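Just so it is clear: in the sequence shown, position 18 is 18 by PDB author numbering, and no numbers are missing.
Shown next, in structure tokens, is the structure this report addresses.
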Amino acid sequence: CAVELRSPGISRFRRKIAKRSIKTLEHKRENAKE
């Protein structure tokens, strides 16, 4: 099915959920000491 060809349903919002969790992962070992 063409789920991400013309209208990517869920995909435009699934990444926003990941961008909120992944940012915390990035700000863990790279946001401590030096």
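Using N, Cα and C, we set each Cβ at its ideal position, and we do this for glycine too.
Got a sec, what are the start and stop residues for the alpha helix (DSSP H) residue i sits in?
i          : result
residue 25 : 11 to 29
Between residue i and the rest of its own chain, which residues show a CB-CB distance below 6 Å, the 5 nearest in sequence each way excluded?
i         : result
residue 4 : 11
Using C-beta distances below 8 Å, list every residue in its chain close to residue i, excluding the 5 sequence neighbours before and after it, in chain order.
i         : result
residue 9 : 3
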